[PDB]
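Cβ: placed from backbone, ideal geometry, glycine included. Neighbour counts: every protein chain shown. Each answer follows from the model by the rule given with it, or from the source it names; none is laboratory data.
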Amino acid sequence: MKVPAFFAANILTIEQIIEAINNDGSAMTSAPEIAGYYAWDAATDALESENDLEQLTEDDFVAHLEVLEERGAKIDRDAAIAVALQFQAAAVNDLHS
Amino acid sequence: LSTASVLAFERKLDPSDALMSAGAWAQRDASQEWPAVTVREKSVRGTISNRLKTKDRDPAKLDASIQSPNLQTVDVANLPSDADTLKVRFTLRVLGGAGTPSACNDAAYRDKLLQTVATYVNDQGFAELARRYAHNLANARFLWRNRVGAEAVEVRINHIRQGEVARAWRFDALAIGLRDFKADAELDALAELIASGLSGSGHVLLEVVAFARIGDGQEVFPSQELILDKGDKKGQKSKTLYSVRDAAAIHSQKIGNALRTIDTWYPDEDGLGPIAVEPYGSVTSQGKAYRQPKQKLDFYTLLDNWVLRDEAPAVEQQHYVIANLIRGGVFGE
Amino acid sequence: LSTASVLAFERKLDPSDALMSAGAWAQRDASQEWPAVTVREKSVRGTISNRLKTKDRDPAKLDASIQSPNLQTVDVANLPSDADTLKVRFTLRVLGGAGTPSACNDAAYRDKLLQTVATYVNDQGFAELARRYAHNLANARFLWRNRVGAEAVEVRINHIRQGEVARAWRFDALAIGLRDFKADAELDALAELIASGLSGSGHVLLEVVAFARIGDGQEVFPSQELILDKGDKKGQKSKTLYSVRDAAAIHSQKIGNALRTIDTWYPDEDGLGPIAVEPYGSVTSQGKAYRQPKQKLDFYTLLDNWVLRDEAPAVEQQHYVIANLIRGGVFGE
Amino acid sequence: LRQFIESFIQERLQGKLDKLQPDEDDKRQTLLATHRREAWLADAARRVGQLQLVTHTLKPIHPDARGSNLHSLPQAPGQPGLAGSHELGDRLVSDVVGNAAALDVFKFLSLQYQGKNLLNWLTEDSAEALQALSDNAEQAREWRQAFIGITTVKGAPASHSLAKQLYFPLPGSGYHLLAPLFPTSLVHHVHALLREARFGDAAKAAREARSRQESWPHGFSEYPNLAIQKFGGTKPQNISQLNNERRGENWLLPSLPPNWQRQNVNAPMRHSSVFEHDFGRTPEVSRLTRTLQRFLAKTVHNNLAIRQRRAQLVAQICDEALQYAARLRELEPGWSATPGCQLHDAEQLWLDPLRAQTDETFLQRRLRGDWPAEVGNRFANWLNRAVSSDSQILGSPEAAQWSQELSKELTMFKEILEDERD
Amino acid sequence: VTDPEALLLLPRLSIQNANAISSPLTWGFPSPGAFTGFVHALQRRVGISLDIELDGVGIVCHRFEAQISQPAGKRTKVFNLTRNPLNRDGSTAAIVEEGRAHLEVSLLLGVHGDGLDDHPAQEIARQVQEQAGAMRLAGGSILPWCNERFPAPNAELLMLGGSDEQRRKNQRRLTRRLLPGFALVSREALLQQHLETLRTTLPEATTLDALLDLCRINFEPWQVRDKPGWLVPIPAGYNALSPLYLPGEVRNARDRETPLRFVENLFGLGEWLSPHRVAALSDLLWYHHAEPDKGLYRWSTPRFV
């Protein structure tokens, strides 16, 4: 469906995520879609039986997104949530054929 | 009838560390005394040559960006200036008892599994796989970057039952094709050695030694070690190398990767050639995984068909299922 | 349709660490067993000469600090007092196969790259680049400061097919220029040796030896290392040099920096000599970056225009795009 | 307390209703406050069975293994040489494992202990505002049917394949397969120790006095060879609660043998060194001898512990030389006498290479060996030299006791030294 | 805890890629529960065929090489990881952390069975080492020998019979072949000693080990607090926190015919010693022992003092 570009690179850490959105993201990507895909990836992992991707709302996208704000990482709220809904909407078209 | 909720397998074909030492070619016969390639530190000043953002690459701050060049202390391993042959050796052992799991919930699943594995061996032994594992010991697949550009590569596979060597093999790894699996008189003598090891119990120890004409004072490539969190940007030792007892060496899981690069049965593309045997078969260099569950060629999708509901796959795909049982793995619910 | 998120090219033209050793001139075969130039220490005290920050420009402030000393220990490498000649020896290994990346995500981008590179090769070989790398072996460009102020420089280039030597080259490195790229039959005979190695047709291993008359007991210049900034009193050490086995040596990438000084294709002013082939082709000493990305002439803009959307650059500029694939790099970060 | 409940919700007003969006404030300015009087306390009534409080978590073993996170406490073991999380008792920081978008429910139910006790009494103190809490009156009976349920665990005995299940053999019986968990509170109690014991108020106080050398009586700790183990990797708050000082790390204590990072490339002997003869002049031995010199042998004011600690200290050196002997014996077969021999007599006789053969032309001693004791006497002559200076010990029988300390350890030392040549 | 008849010696076991985390708190040399479970796996495979009882185990540890590195500016030391195969989508893999350490240990054993009277001494030592070559000790492989063939053979001392002179000269032959190492025992009594010493305050048992993993630079009443040995924290065993289940009522077990309890780890004290210090080498053995009525599942060196 949808793939990132700053991810699937060399192996990252939390400190290397924060320094990206402190810049304008990175080369070939953007600071919205880094914190947005991170907020979607942190939300989609916490599920119990992973048959409840439809249960992922906008609220738990925010709760993982605020973890970066606790340690630097000045982000954009309206941009990253909209990117996190793109990967969530992409993660249901594959569920229905 | 159902899947066992816990399945686990130990690995067979258990390699060791690949120590390195350098010397002179035609002095290979007395290469029990060659001094080891050591890991040397050096400083290196570079400039920034990555891609830039569109917010960047204005000519003002680009010139100011190269006013503060990055500095880093990297590790390098080199031959001595008089040697020309790298010697890489390791002691592979072949354990056996291949289809036996190490952990399983359901005994009704376990006896259904052991009848399925014994159905394979009685139809065709491990000699198809052991012909293929013999090539990765024949060609120097375990020399990942050390093989590229060499004058001649020679592999000396001995055999060990005591201090006495049972049978010694000699090869030329460059003439043996890196992409093809073609049988030979010496290969089939070594293939049936492995297939006798994998079938029965008790380990069948080997000793693989590889030589490669590289050059005088040139660079070798030990396995780069994974520092997770490097510290301050003053010391900042980027590119640490793997060394055991002050000898530059290759990780066992890198040698153990190269022994099992025999997936020649892709659904999409065999143009890349034989790459590693993986469940949901993935390549780290290519950056994406073949054998998807949108295809019917997973390990898990082929296993439960061939065990529970008796849907036997293609005979070529049956070789893929056994090969994941050789490498081990911890399986699901 | 898009560039990959991982692009990595294994470098070609891989040299070794240049070892330095010293002796007398007019010694041809006696130059095999020179004593090596060793790194030694000396005390150094020299007073204040920096630009004051206009706060420290008081007569009582200088005279308090012009009396406070700055005792420092440096590393120096000198010739012996009966030696006027520096021998600098390394080995260069031309690998070939420049178009293939070591790792790539998009195979469609990879196959588009391998056709675009092969479009360059069959139209015109590496012999334009190989003529330019052959001059930087001919003149002693890899002697950075050691070349400056010499009587005469003699460069001897051997080609070791086996342990024996296939063909020897001899050059007067000062008769061959440093800015322009001349024409000679012996330079051509080493050019299509490299062109036969860059194309992957054969195997090229070279032994490069450079002699330079400097003078009795004069100073040579190995590659300087990096010191750790420490707050230690009673002075400190302020310059460390490079030596692998107590013999003053030049880094491998300082040589490799000097081999690829073939770039005479600037936007700004080509009448200023060649510089190193770099993305955003920049000089550390000059402090500015030639070939700005505000012009459409850097490596990243010329690549994807010639790969993704398929307009060719000038043939005058196509050699620069290929020469970044020979040095390799970490592209698509 | 109702106002103290609602001032918390007034913070929850002000914490959430703070950045009014000009487009979607129609629910955010209006509806977001209306539930916050009573209905928000009913909003969390359906939001209890989505979170749990655990003393022990499973997810540090593998971050996707679905298991049974538990909360129980161990008993006393019985043999007091042991140590676990049963030593804590009251200081229990039970890190809640669950969804990040609902943990305010646990911050809401933190209001039991805040000020008043009210922990086990989620069953009383219902209707009124001041002495009770005014979790409101008719709904003060079906809320407690829910809000107590976060304290109990979800009842399902379960594990995962990625959960480190271990057999353990029994006395004359079968096996209990033990599934160890990860003690979060026992780890977090040590972070409360180690962050205090390294750098705090009083910890920095005694460190600053090192330059001052002004000793008020207060010791300060020092923890060498700590190891950092991280959990979660790029995603630490998707597992059990990793706080702002425990930010996805565990300080690990070193458990290492003394032959760690030793001299692997073993430097040979028989050179112009004036020390390296019979005792191994190394930084692991030189730090040991100064202990005997500076006190416990020179400063003597007792016969109970002073005479005792001199006995095992030379029993260390009697065996440290044996440690020094075998390391020099092993991995050096090409030992000989020809490099640098001026005063190294019988060192070819004691710390020899055995070679499975003898090497001798104008000599017979190399074939065998009997009484290699003169180098042991020279070691014993070094043990008299090992103590630096003590002039008041000769008239006392302490040096006569030390001569017996010299005598009773050579007697063990000679007999050990026999079978390398006898 | 039965007194051993013989003492089987595994001479120099080189161990590739062993585990080094060993507890939630005590990084380093792997747990002694790994060694006691190893001998029970030999008793599983060999000792029922040679009709012998393999119970005790000694730990010598001739060489310990961990795969650690301290970063730039820090003083704590972090671990070296390894890559993993990619995800289903092939993006990346999650990071778990596993300590990793090369190791070279030697293992004394204890033998009780009648197979000593039936099989000769070399037949005992040959069947064990040929089995123990193709096994794993601490989650890592066991490596064979090359290029000098010296430390290959085993040993065995029938320390049940003979006069006390005949033991003691023969006992000095094992301490030759165990000499470059450092023997490991448990000191459960010193931790009981210093808790009763520290009663000016009201401390805990876990607060005592932090004062034994020490550099307690004590201010003058400057000075460094002395150590009577190489005291070190070890995992002592396990302590159950759950009632004892039926074999078929816990989901995702290994097998469905043995009972289960969820346990903790349990921390104790250990001291590394030279082998010539200890008088009787039969005191050196580690015995797992447990009362299943309550929740204890521990191991120790008994009879040591």
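Here are a few things to note about the model shown:
- Residue list for segment B:26-65, restricted to those being among the hydrophobic types (A, V, I, L, M, F, W, C), at the interface with chain C (Cβ under 7 Å from one of its Cβ atoms) and under 34 Å from the mean Cα position of the chain (by Cα): B:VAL44
- Any hit, segment E:203-224, residues being more than 30 Å from D:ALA305 (Cα to Cα) and either facing another protein chain (nearest Cβ under 9 Å) or surrounded by 14 or more Cβ atoms within 10 Å (Cβ to Cβ) (or both): no
- Restricting attention to segment B:66-83, the residues that are touching a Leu at 6+ places or on another chain (Cβ under 9 Å) and at the interface with chain C (Cβ under 9 Å from one of its Cβ atoms) total 6.
- Taking segment D:240-265 as the range and being more than 11 Å from chain E (Cβ to nearest Cβ) and either surrounded by 13 or more Cβ atoms within 10 Å (Cβ to Cβ) or among the hydrophobic types (A, V, I, L, M, F, W, C) (or both) as the test, the residues that pass are D:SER240, D:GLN241, D:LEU242, D:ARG246, D:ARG247, D:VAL265.
- Here C:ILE227 meets each of (1) assigned by CATH to the domain that holds C:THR85; (2) outside any loop (DSSP other than H, G, I, E, B); (3) of a type outside the set (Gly, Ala, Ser) with one exception, condition (2).
The rows are residues; the columns are (1) touching a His at 6+ places or on another chain (Cβ under 8 Å); (2) loosely packed, with under 13 Cβ neighbours inside 10 Å; (3) within 13 Å of chain B (Cβ to nearest Cβ); (4) closer than 28 Å to C:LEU7 by Cβ.
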residue	(1), (2), (3), (4)
A:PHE7	no, no, yes, yes
A:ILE14	no, no, yes, yes
A:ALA31	no, no, yes, yes
A:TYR37	no, no, no, yes
A:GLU50	no, yes, yes, no
A:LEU56	no, no, no, no
A:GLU66	no, no, no, no
A:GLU69	no, no, no, no
A:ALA91	no, no, no, no
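- Across segment E:267-305, the qualifying residues are those that are within 28 Å of E:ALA240 (Cα to Cα) and among the small types (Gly, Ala, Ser), and the one among them that is surrounded by the fewest Cβ atoms within 10 Å (Cβ to Cβ) is E:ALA290.
- Check on D:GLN401, out of contact with any helix residue (DSSP H, G or I) (no Cβ under 7 Å at 6 or more places or on another chain), of a type in the set (S, T, N, Q), surrounded by 14 or more Cβ atoms within 10 Å (Cβ to Cβ) and not in a loop (DSSP other than H, G, I, E, B): no
- Checked against (1) touching a strand residue (DSSP E or B) at 6+ places or on another chain (Cβ under 6 Å); (2) closer than 29 Å to C:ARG291 by Cα, B:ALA60 passes all but condition (1).
- Only residues that are under 27 Å from the mean Cα position of the chain (by Cα), more than 8 Å from chain E (Cβ to nearest Cβ) and assigned to a loop (DSSP other than H, G, I, E, B) were counted across segment D:162-214, and they come to 4.
- Any hit, segment C:95-105, residues being in the same structural domain as C:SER5 (by CATH) and part of a helix (DSSP H, G or I): no
- Sole exception among (1) under 27 Å from B:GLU10 (Cα atoms); (2) surrounded by fewer than 17 Cβ atoms within 10 Å (Cβ to Cβ); (3) more than 19 Å from the chain's Cα centre (by Cα) for B:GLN318, by number: (2)
- Some residue of segment C:287-299 being part of a helix (DSSP H, G or I), within 13 Å of chain B (Cβ to nearest Cβ) and surrounded by fewer than 20 Cβ atoms within 10 Å (Cβ to Cβ): no
- Filtered residue count, segment C:107-154, keeping only those that are touching a strand residue (DSSP E or B) at 6+ places or on another chain (Cβ under 9 Å) and not in a helix (DSSP H, G or I): 13
- E:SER49 vs. criteria surrounded by fewer than 19 Cβ atoms within 10 Å (Cβ to Cβ), closer than 30 Å to B:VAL244 by Cα and more than 9 Å from chain D (Cβ to nearest Cβ): no
- Scanning segment C:6-25 for residues that are of a type in the set (A, V, I, L, M, F, W, C), within 14 Å of another protein chain (Cβ to nearest Cβ) and surrounded by fewer than 19 Cβ atoms within 10 Å (Cβ to Cβ) gives a single hit, C:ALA8.
Conditions tested, residue by residue: (1) in the same structural domain as B:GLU333 (by CATH); (2) crowded, with 20+ Cβ neighbours inside 10 Å; (3) more than 21 Å from the chain's Cα centre (by Cα).
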position	(1), (2), (3)
B:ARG93	no, yes, no
B:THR116	yes, no, yes
B:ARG141	no, yes, no
B:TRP144	no, no, no
B:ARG161	no, no, yes
B:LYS182	no, no, no
B:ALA189	no, no, yes
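- Residue that is nearest to D:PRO254 (Cα to Cα), among those in segment E:237-292 that are more than 25 Å from the chain's Cα centre (by Cα) and acidic (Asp, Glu): E:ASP255
- B:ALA60 vs. criteria of a type in the set (A, V, I, L, M), in a helix (DSSP H, G or I), more than 27 Å from C:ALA103 (Cβ to Cβ) and not assigned by CATH to the domain that holds B:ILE157: no
- In segment E:45-104, residue farthest from the chain's Cα centre (by Cα) [restricted to those that are β-branched (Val, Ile, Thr) and closer than 30 Å to D:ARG198 by Cα]: E:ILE95
- Residues in segment E:31-45 include at least one that is closer than 22 Å to E:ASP114 by Cα, within 14 Å of chain B (Cβ to nearest Cβ) and not hydrophobic (A, V, I, L, M, F, W, C).
- Residue selected from segment B:300-312 under the condition in a helix (DSSP H, G or I) and more than 14 Å from every other protein chain (Cβ to nearest Cβ), by the criterion surrounded by the most Cβ atoms within 10 Å (Cβ to Cβ): B:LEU302
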